[PDB]
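Q: For reference, the structure I am asking about is given below.
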Amino acid sequence: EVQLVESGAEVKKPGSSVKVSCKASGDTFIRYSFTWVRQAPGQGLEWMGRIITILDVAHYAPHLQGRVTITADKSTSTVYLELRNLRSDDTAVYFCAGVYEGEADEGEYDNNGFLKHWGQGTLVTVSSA
Amino acid sequence: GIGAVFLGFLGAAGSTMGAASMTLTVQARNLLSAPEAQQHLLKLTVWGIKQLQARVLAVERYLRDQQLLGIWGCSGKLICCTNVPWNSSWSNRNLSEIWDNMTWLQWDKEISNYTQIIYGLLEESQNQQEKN
Amino acid sequence: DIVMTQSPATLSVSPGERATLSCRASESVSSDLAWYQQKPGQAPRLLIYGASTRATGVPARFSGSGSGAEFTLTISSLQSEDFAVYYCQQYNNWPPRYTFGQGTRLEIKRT
Amino acid sequence: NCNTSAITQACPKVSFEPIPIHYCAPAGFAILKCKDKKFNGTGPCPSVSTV
Ligand SMILES: *[C@@H]1O[C@H](CO)[C@@H](O)[C@H](O)[C@H]1NC(C)=O
């Protein structure tokens, strides 16, 4: 039972890099898979991808791969994300989701595909206004 | 596949040198020797190929031997003697101390280090019979 | 992608009627769909996973399921606290490069 | 300790069960047996046969 807290908005032109943190705390971090998804207000949604932390291996989006980084620090058991080469039209609210996975330290790992929980909100004003 | 005859050459171990030679020269006369479906037209030949690579390798081995004997004056024979006298620097022993109380592998371990030199001596002594 | 022909596209609806969203597919999609909800100016909240039964640990008036591509989210009695969007998501493909959707945007009675 | 590499590919579930597969000796060699019924780990097998 781990919490999900997120961050706010930053102004940069397309091309910059910004660090964002769904800082997850509260209980055992290992038993859960984590994923991200964003949506700009009034348009479709952009799902980021899952990070299977116990192996510390993630994935991404086909037409976003090349300028993204998601990291799950098992040591501090936190989460970081570094975004690069942005684009102006992408001012979107963000969310970090997760699902209870199972006894990884015991090997059992279902590896489902839905998104149990939901984040709070994070904006990327890709602009200088 | 004639490559089975080789087995016979080992089917008389223990039997000492004299008896081994007798049984060898007499083995010379005694050892004298479907719904094929769609898939079963290309995974099948690739078996035959693997079997024809045996018999051919057998006769190739054989023929390679008989040639080697050609260097040693005799070929197509089984019991072969030639024109060199044995040196004494080679594991001096009584003639009867071997031909009645020894097996061949004993010989192997006996002069395994002389095989090459007697080989070569054989290989040359024939050339004398060319110039003479 | 899974052709989320969300029917109806947007629905200005009242409390207390059988909800039937149709966001079907184009390829073989066996048993993997997902419906979530988000309130105007609020966070999203999960409704249905499993693609065959109700979600677990959730208030289970809903029954989001159906036949393959024709999966309907079923809240027979809408309320004053469901003036919020509804979503369709799929998580099939392997090699793992998953997908997402856009969902449907429900609204209150508008004049 | 050093770099790794995830390898994401297809993994359909598939039958799996062993069968007998026996090694043979190429033309020119032989396979020696230990027909003794008391073969301690090493030591002269007092009856050997060729196959
Ligand atoms: C096998 O035999 C060897 C020598 O005969 C002996 O040293 C060894 O202890 C034996 N191993 C056993 C009996 O497990």
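Residues are referred to by chain and number: the chain letter is A, B, ... according to the order shown in the structure tokens, the number counts from 1 in that chain, and ligands are numbered separately from 1 in the order shown.
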Just need the residues of chain D within 12 Å of chain A, counting only C-alpha atoms, so spit them out as a VMD selection string.
A: chain D and resid 4 to 8
Q: Export, as a compact mmCIF listing (two decimals), in the first residue's frame, the selected residues with N, CA and C atoms.
A:
```txt
# COMPACT_ATOMS: atom_id res chain seq x y z
N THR D 4 23.81 -5.37 -18.89
CA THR D 4 22.89 -6.45 -19.20
C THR D 4 22.14 -6.10 -20.48
N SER D 5 21.15 -6.93 -20.82
CA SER D 5 20.28 -6.62 -21.95
C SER D 5 18.98 -7.39 -21.79
N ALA D 6 17.90 -6.68 -21.52
CA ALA D 6 16.58 -7.27 -21.68
C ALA D 6 16.42 -7.76 -23.12
N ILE D 7 15.63 -8.81 -23.29
CA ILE D 7 15.36 -9.38 -24.60
C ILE D 7 13.87 -9.68 -24.65
N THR D 8 13.10 -8.77 -25.26
CA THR D 8 11.63 -8.93 -25.37
C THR D 8 11.28 -9.60 -26.70
```
Q: Could you pull out the residues sitting within 9 Å of ligand 1, using only C-alpha atoms and all ligand atoms, and write them as a list in words?
A: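 Based on only C-alpha atoms and all ligand atoms, ligand 1 is surrounded within 9 Å by residues 39, 40, 41, 42, 43 and 44 of chain D.
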Q: With C-alpha atoms retained, export the selected residues as a compact mmCIF listing (two decimals), in the first residue's frame.
A:
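Below is the file that was written, again_22.txt:
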```
# COMPACT_ATOMS: atom_id res chain seq x y z
CA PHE D 39 31.18 -50.44 -11.15
CA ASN D 40 32.45 -48.25 -8.40
CA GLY D 41 33.14 -44.77 -9.79
CA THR D 42 36.44 -45.75 -11.41
CA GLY D 43 38.53 -48.88 -11.81
CA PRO D 44 39.04 -51.69 -14.32
```
Q: Find the residues near residue C:20: any atom within 12 Å, counting only C-alpha atoms, skip ones fewer than 6 places away on the same chain, and give them as a list in words.
A: residues 6, 7, 8, 9, 10, 11, 13, 62, 63, 64, 65, 66, 70, 71, 72, 73, 74, 75, 76, 77, 78, 86 and 104 of chain C
Q: Atom CA of residue C:67 to atom CA of residue C:107: how many Å, to one decimal?
A: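 Distance between the two atoms: 26.4 Å.
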Q: Once you count only C-alpha atoms, which residues of chain A turn out to be within 8 Å of chain C? Could you give them as an MDAnalysis selection string?
A: chainID A and resid 43:47 49 59:62 113:121
Q: From a backbone DSSP assignment, name each residue in stretch 23-65 of chain C labelled strand (DSSP E), as number ranges by chain.
A: C: 35-38, 44-48, 65
Q: Chain D residues within 9 Å of chain B, counting only C-alpha atoms: which ones, as an MDAnalysis selection string?
A: chainID D and resid 26:30 49:51
Q: For a quick test of understanding: name the residues of chain D lying within 9 Å of chain C when counting only C-alpha atoms, and present them as a VMD selection string.
A: chain D and resid 8 to 11
Q: Which neighbours of residue A:129 fall inside 10 Å, counting only C-alpha atoms, when residues of the same chain fewer than 2 positions from it are skipped, and could you give them as a PyMOL selection string?
A: chain A and resi 10-13+125-127
Q: Mind giving me the straight-line distance from atom CA of residue D:31 to atom CA of residue B:8 in Å, one decimal?
A: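 One can read the atom CA of residue D:31 to atom CA of residue B:8 distance as 13.6 Å.
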Q: Work out how far apart atom CA of residue C:19 and atom CA of residue C:85 are and give it in Å to one decimal.
A: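 Calculated distance between atom CA of residue C:19 and atom CA of residue C:85 is 12.5 Å.
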Q: For a quick check of understanding, using only C-alpha atoms, which of A:20, A:3, A:50, A:110 has the smallest distance to residue A:82?
A: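 So, comparing all the options, the nearest one is A:20.
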Q: May I have the residues within 9 Å of stretch 82-98 of chain B as a short mmCIF file (atom, residue, chain, number, x, y, z; two decimals) with N, CA, C and O atoms, in the first residue's frame, using only C-alpha atoms and disregarding those fewer than 3 positions away in the same chain?
A:
```cif
data_model
loop_
_atom_site.label_atom_id
_atom_site.label_comp_id
_atom_site.auth_asym_id
_atom_site.auth_seq_id
_atom_site.Cartn_x
_atom_site.Cartn_y
_atom_site.Cartn_z
N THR B 16 46.35 -64.18 -27.70
CA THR B 16 47.72 -63.70 -27.80
C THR B 16 48.20 -63.68 -29.25
O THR B 16 47.53 -64.15 -30.17
N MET B 17 49.41 -63.14 -29.42
CA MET B 17 49.89 -62.71 -30.73
C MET B 17 49.74 -63.78 -31.79
O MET B 17 49.20 -63.53 -32.87
N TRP B 72 55.13 -49.18 -48.13
CA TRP B 72 55.84 -50.22 -47.39
C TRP B 72 55.90 -51.51 -48.18
O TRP B 72 55.78 -52.60 -47.63
N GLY B 73 56.01 -51.40 -49.50
CA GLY B 73 56.39 -52.54 -50.30
C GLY B 73 55.29 -53.55 -50.52
O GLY B 73 55.24 -54.21 -51.56
N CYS B 74 54.39 -53.67 -49.56
CA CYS B 74 53.32 -54.65 -49.62
C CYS B 74 51.98 -53.93 -49.67
O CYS B 74 51.81 -52.89 -49.04
N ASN B 101 53.30 -64.96 -24.98
CA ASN B 101 52.81 -64.52 -23.68
C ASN B 101 52.53 -63.03 -23.67
O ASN B 101 52.69 -62.37 -22.63
N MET B 102 52.12 -62.46 -24.80
CA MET B 102 51.83 -61.03 -24.85
C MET B 102 50.63 -60.77 -25.75
O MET B 102 50.39 -61.49 -26.72
N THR B 103 49.89 -59.74 -25.39
CA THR B 103 48.82 -59.20 -26.22
C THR B 103 49.32 -57.96 -26.95
O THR B 103 50.37 -57.40 -26.63
N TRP B 107 52.26 -54.45 -26.84
CA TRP B 107 53.19 -53.90 -27.82
C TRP B 107 53.00 -52.40 -27.98
O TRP B 107 53.98 -51.64 -28.02
N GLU B 110 54.49 -50.73 -25.46
CA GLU B 110 55.91 -51.07 -25.43
C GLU B 110 56.72 -50.10 -26.26
O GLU B 110 57.72 -49.55 -25.79
N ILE B 111 56.33 -49.89 -27.52
CA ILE B 111 57.16 -49.06 -28.39
C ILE B 111 56.35 -47.94 -29.03
O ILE B 111 56.66 -47.51 -30.14
N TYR B 114 58.42 -45.48 -30.72
CA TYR B 114 59.24 -45.83 -31.88
C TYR B 114 58.43 -45.92 -33.16
O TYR B 114 59.03 -46.07 -34.23
N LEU B 121 61.77 -45.38 -41.37
CA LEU B 121 62.79 -46.28 -41.87
C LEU B 121 62.22 -47.20 -42.93
O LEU B 121 62.80 -47.35 -44.01
N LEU B 122 61.09 -47.83 -42.63
CA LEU B 122 60.33 -48.54 -43.65
C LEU B 122 60.15 -47.68 -44.88
O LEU B 122 60.37 -48.13 -46.01
N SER B 125 63.79 -47.34 -46.70
CA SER B 125 64.42 -48.57 -47.14
C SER B 125 63.85 -49.08 -48.45
O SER B 125 64.54 -49.80 -49.19
N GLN B 126 62.61 -48.73 -48.77
CA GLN B 126 62.07 -49.09 -50.07
C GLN B 126 62.80 -48.36 -51.19
O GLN B 126 63.02 -48.93 -52.26
#
```
Q: Please run DSSP on the backbone and report, as number ranges by chain, all residues within stretch 8-95 of chain B that come out as helix (DSSP H, G or I).
A: B: 8, 17-30, 45-71
Q: What's the 7 Å shell around residue A:28, counting only C-alpha atoms, without same-chain residues fewer than 2 positions away, as a PDB file with N, CA, C and O atoms, in the first residue's frame?
A:
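As written to disk, result-v1.pdb reads:
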```pdb
ATOM      1  N   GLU A   1       0.831  -1.199   0.000  1.00  0.00           N
ATOM      2  CA  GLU A   1       0.000   0.000   0.000  1.00  0.00           C
ATOM      3  C   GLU A   1       0.867   1.251   0.000  1.00  0.00           C
ATOM      4  O   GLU A   1       1.213   1.781   1.053  1.00  0.00           O
ATOM      5  N   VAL A   2       1.210   1.722  -1.192  1.00  0.00           N
ATOM      6  CA  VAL A   2       2.157   2.814  -1.353  1.00  0.00           C
ATOM      7  C   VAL A   2       1.443   3.998  -1.986  1.00  0.00           C
ATOM      8  O   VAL A   2       0.581   3.837  -2.855  1.00  0.00           O
ATOM      9  N   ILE A  30       7.836  -3.272  -3.639  1.00  0.00           N
ATOM     10  CA  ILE A  30       8.243  -4.298  -4.591  1.00  0.00           C
ATOM     11  C   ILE A  30       7.036  -4.980  -5.227  1.00  0.00           C
ATOM     12  O   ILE A  30       7.056  -5.327  -6.414  1.00  0.00           O
ATOM     13  N   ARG A  31       5.972  -5.171  -4.467  1.00  0.00           N
ATOM     14  CA  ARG A  31       4.835  -5.976  -4.904  1.00  0.00           C
ATOM     15  C   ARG A  31       4.006  -5.313  -5.962  1.00  0.00           C
ATOM     16  O   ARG A  31       2.913  -5.820  -6.244  1.00  0.00           O
TER      17      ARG A  31
END
```
